[PDB]
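Whatever order the structure lists them in is the order used to number ligands and atoms, beginning at 1. To find a chain, count down the sequence lines: A is the first, B the second, and so on, and within it residues start at 1.
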Amino acid sequence: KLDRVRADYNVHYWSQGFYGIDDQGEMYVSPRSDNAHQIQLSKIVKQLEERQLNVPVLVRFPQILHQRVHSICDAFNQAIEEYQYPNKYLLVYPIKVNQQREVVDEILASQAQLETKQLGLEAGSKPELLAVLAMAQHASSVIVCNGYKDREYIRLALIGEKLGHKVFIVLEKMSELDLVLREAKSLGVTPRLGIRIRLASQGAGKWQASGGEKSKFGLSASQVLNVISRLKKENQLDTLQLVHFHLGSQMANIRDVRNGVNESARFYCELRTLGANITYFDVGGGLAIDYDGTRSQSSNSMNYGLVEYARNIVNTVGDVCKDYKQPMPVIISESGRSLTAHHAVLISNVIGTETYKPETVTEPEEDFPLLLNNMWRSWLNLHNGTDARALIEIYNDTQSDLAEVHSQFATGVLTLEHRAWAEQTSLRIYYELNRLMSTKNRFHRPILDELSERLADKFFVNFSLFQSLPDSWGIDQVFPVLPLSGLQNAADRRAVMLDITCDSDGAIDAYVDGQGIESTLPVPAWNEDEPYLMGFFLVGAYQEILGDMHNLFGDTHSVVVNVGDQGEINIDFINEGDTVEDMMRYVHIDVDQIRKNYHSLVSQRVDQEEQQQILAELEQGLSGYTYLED
Amino acid sequence: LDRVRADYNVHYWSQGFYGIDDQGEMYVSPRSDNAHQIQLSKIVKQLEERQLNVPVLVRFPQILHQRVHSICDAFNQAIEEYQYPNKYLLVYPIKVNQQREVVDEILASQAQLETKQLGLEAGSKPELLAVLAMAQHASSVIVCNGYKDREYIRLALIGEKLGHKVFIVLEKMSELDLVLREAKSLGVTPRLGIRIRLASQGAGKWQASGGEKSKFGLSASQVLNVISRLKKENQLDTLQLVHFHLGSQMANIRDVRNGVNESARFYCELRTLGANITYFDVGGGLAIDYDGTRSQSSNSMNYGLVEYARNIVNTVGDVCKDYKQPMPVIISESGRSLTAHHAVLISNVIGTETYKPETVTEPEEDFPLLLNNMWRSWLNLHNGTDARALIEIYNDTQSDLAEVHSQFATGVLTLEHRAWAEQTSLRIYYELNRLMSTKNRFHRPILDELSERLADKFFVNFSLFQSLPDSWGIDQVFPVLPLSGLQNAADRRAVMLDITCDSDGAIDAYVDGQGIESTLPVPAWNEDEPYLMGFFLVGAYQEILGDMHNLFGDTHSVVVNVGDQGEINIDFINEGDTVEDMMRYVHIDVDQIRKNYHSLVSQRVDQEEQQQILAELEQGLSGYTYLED
Ligand SMILES: *Cc1c(COP(=O)(O)O)cnc(C)c1O
Ligand SMILES: *Cc1c(COP(=O)(O)O)cnc(C)c1O
Ligand SMILES: N=C(N)NCCCCN
Ligand SMILES: N=C(N)NCCCCN
């Protein structure tokens, strides 16, 4: 049954209604706001294959970016209406989360459909500013500038203001103020200034600009005061328009958001008190994504929802302004991750497995030692008539017996054959223990968890973790991962997913299912005869940019898919992934020379009939996708 | 003033390739003869004169050459001490660093040791093609690991067809049938190895299936299935190599010795079943001492080079003596140890946040008591204050400051009050740090906290995520040192921050004379003068794991040979990415954008200004992604 499978995965806890399992047992995406047509992801794959693109593939749904833009804006609007807050919310997209022109254009495109009709982007570095200015060349835009600012970064930012953008240069180091004033004078521009504030409510040391605590940016209380003082002196206090703080990405605890906003709102009111007219209050990033579906205060989740995040921000800022009797600023959030995580799915195939097949326990030959007979006797006592206690005993004896076998092999007591026999016999006992024990028995359940790991299939997935999913390796980030098809049989097996790199770390340690994080995943059985497709979801934020070429596996193919009015699958942009030859160039091999040398060597050492064949396979290997063929 | 050399103790991790000379400069000494030390700042000046700015990755192929000879000599010495009756063969696994310039130089050694062999290991389909391309000129030993499809298998067998010795190591049971089929198809006799799963390295590793994450290798039972199938095909002679790999950076020599013991027993058991295994490949694992402490920790190891080699050779030897069997050729795949030292990442410190001593102002008459108490702490803090009173001033001040932050947060204090409190505290810390004594057992740990409280932040012009990825990913420690003016390294303490917009772009730990610290002693930063830092031991796995966070790309890289008379020879130069390179990677049409700027400026900017501005936008696009001082 599919509907019992649906409760085993509980996709809806993490998918936000963008993905689900349909009645044919296929995973779909539903990316349109009218929710009009669902599309089976496997059917998108079938259509890529027709066009000669093989998996792995990264698939983007812009229609999902559009909805996130509207949801985040809707959430703050609701909060504004409920509080009767007397100013606006502005969404601003930090490009660091995902810089791809096709992501950023779709984000810009919905922002234009919004009532403010207000474009907002944030750059965190010189190269990002130039990218941001390129991508907002068409219309006047809010641009917030963060990061380390040299002369050239400041002059480019002022050039942007000259050319008609609203460019906020956020002061993050005290020396930058003096640089901005000089460069603005030199370009004849009226600069717009924001200030980044250091907070004392988020940990020891962060209030301090100097010192060995690692928050890089932001001005001290003292430094903030110096800014106001320097501006008053130059008759430029009106250029300070923006107050900024950034708590960090993926804030799991709503309390920290509240404490942060509380402290910042007070700074904002104190600055107006000293005469500055701050128009904007920018709460930075930090709006988390619920990667594991558990809504918990854990590093892969959050204990709050979208609207509640909005309310904590609006209410706190509003309450602090009412106390000071100050007017309320435009609220900005830089919510990159929330905007981008859901829109992308990585698809690839399971190209082989290592699974345990139950074989027959052969009886001990006269040659076998007591220890191995003991295991044989355990195997005979294991059946439907073995009681609940005695099954546990047999588990414990069998583990101890295998451990002793391993020690005797290591010291020269036992032959390779003895070891083999004991290992296969143990696996047979484990396999049966796993069938005889009951999940309704309280003392069997912990063992059945143990046994579930011990008997899981290894699934080798045609992809590189280091390339497509770097946070998995680097910070034990969890992503939901699921078979795309045949989900009626998801109770068949348990499996762990490994990548095809020659590295221990290219394996997933954690899975998302119906009750949260597990160490293995329930899956349909694999067959050599049918394609078996898997999906990594919530890969939309920070994954693409951060991946690297371990083992010379390169970029995957990527495509943009829009679902049309009548349910068409419009494949709108297509980016081809790396070939082996690309990777060879990247590491400075002269490939044209390699090809030509190959012509010689083959004519030298190969029989004439074969030569064309051998040369074709060499040339073809160079020109192939880095990834493997089933 | 050579307490400086002793503060850093560079030789504890440098292996004699880097040190400080008597002019206060970091030098490299890359030749085996150690004939000429070249100051690393002179390499930078020489690059500056060719229009390349830091950040720069500098690589020294003569260090690679020495690494190959040191590892071979270590094994050869162990072989001679034991009287081990067979040879050692070093095989380089290109996964550690795939650059042609690195691999060439390793290969260029291979040629020169009178046994005149060394090999390459590939661990995936595309590495196999890179290895085949890199050994095109000469016949070679090639070991193939990783997940093998039909194409990988056929390429490997073609490699053998063209004269290489290609060992296709079986890592999965199903891959034996595939090899045998395809070898028949290409009419080639295969050479096979087998990777074996060990039970001595932790629970679950012995098993092929199951949830434990050791990807590759055959279980004892599958090893026997291999023997049985090859006996039936009459192809048992094709199995020539036994393989295992424990993992990289093995810190505990005990694990090495346990792994070798177990695997030697597999080797001798296989011979017992008529297999004629000739090669015994112990994989990687041979660690690098990143912090110079030679301790059993994630960044270091409890053993040395010769010791590693003795543990291998003596263990294989003793077990063989036990079966009365012949000893095999020993192979190690020691990538990391071959490559870590040869490369240095150099960049400049382009700004700082430092605390500058300011006088503490008397509280205004409107100030609350709490801020008066802090004032009173400050007055009681001078050369007359006794040792115990210094600690109590330290504790009152921290308590005061904390209470100030709670009062700001609930509306009790103004920003001006907070500002005054924070600056007074810093002044009190700065003076505590001068009045307390290193000779006093109870000041020392306060001075430890003060060192951090008072450290300079140095902003280095590079991206940790691009150039030192393991530092972010696995808290890899790398030595980091300033390159110049080292006579002055007692000036201050600093932490190094990269210029990315990201909290994680900082180094948490530093290597000084004591091993690992949380700050580094350094010369003072001056705006007027260049300040260069080196990150060392970046040779293995850094270059290829780096990513484009915040759109910072590749740095320049160059290859430097020191000639017989000391000439600095800059033999290859790879240019780093420009802003335009990055924009194009994220699919912006840069040439269209160039054009639209011309449109936009001429329509929006006063005529007398247009050329200036357009020249600035274009110098923006064509410039290195990194910043200018
Ligand atoms: C990185 C960053 C962001 C993004 O935050 P997310 O929560 O990941 O979306 C926003 N603002 C600033 C200043 C950042 O550096
Ligand atoms: C990664 C790897 C190596 C390299 O080991 P290092 O200790 O990092 O030098 C050697 N052999 C194999 C099979 C590997 O996968
Ligand atoms: N994804 C990065 N590697 N780290 C995220 C940091 C962003 C601000 N805390
Ligand atoms: N530093 C790399 N990411 N990991 C290397 C692991 C390789 C075999 N243990």
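Distance from atom 12 (C) of ligand 2 to its nearest protein heavy atom, with residue and atom name: B/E333 OE1, 3.6 Å.
Within ligand 2, the atoms closer than 4.0 Å to a non-hydrogen atom of B/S334 are 9 (O), numbered from 1 in the order shown. Against a heavy-atom cut-off of under 4.0 Å, A/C502 is close to the following atoms of ligand 2: 15 (O). Ligand 2 places these atoms under 4.0 Å from at least one heavy atom of B/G335: 9 (O).
For the pair B/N145 and B/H243, the minimum side-chain heavy-atom distance is below 4.5 Å. Side-chain contact between B/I288 and B/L537: present, with at least one pair of heavy atoms (C-beta onward) separated by less than 4.5 Å. The shortest side-chain heavy-atom distance between B/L497 and B/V460 does not fall under the 4.5 Å cut-off. By the 4.5 Å heavy-atom criterion applied to side chains, B/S471 and B/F478 are counted as neighbours. Using a 4.5 Å heavy-atom cutoff, the side chains of B/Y541 and B/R336 are in contact.
Both the backbone and the side chain of B/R336 come within 4.0 Å of ligand 2, judged by heavy-atom distances. Using a 4.0 Å cut-off between heavy atoms, B/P93 contacts ligand 2 through its side chain alone, with no backbone atom that close.
The shortest N or O to N or O distance between B/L286 and ligand 2 is not below 3.5 Å. For ligand 2, the polar-atom distance check finds no N/O of B/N145 at less than 3.5 Å from any of the ligand's N/O atoms. Of the N or O atoms in B/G285, one or more lie within a sub-3.5 Å distance of an N or O in ligand 2. By the 3.5 Å distance cut-off applied to N or O atoms, B/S248 is counted among the residues near ligand 2. The shortest N/O to N/O separation between B/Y541 and ligand 2 falls below 3.5 Å.
Which of B/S124, B/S337, B/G284 comes nearest to atom 5 (O) of ligand 2 through a heavy atom is settled by distance: it is B/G284. Remark: among candidates B/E171, B/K95, B/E121, the nearest residue to atom 13 (C) of ligand 2 is B/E121, based on non-hydrogen atoms.
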Apply side-chain hydrogen bond (donor to acceptor under 3.5 Å, both in side chains) to A/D503 and A/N551, showing your working.
-> CA-CA 9 Å; A/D503 187 318; A/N551 263 327; over 6 Å; no
Verdict with supporting geometry, B/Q201 and B/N258, side-chain hydrogen bond (donor to acceptor under 3.5 Å, both in side chains) | CA-CA 8 Å; B/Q201 305 295 311; B/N258 289 348; over 6 Å; no
Intermediate values then yes/no, salt bridge (charged side-chain N to carboxylate O under 4.0 Å, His left out), B/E175 and B/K148 = CA-CA 7 Å; B/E175 94 198 11; B/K148 298 177 197 90; 2.8 Å; yes
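Between the side chains of B/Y290 and B/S298, no donor-acceptor pair is found at a separation under 3.5 Å.
The distance between the ring centers of B/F535 and B/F462 falls below 6.0 angstrom.
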For a distance cut-off of 3.5 Å, show me each N or O of ligand 4 paired with any protein N or O, plus the separation.
{"from": "ligand 4", "atom 1": "4 (N)", "to": "A/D503", "atom 2": "OD2", "distance (Å)": "3.2"}
{"from": "ligand 4", "atom 1": "9 (N)", "to": "A/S504", "atom 2": "OG", "distance (Å)": "3.2"}
{"from": "ligand 4", "atom 1": "9 (N)", "to": "B/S248", "atom 2": "N", "distance (Å)": "3.2"}

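Side chain of B/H341 to backbone of B/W13: a donor-acceptor contact under 3.5 angstrom is found.
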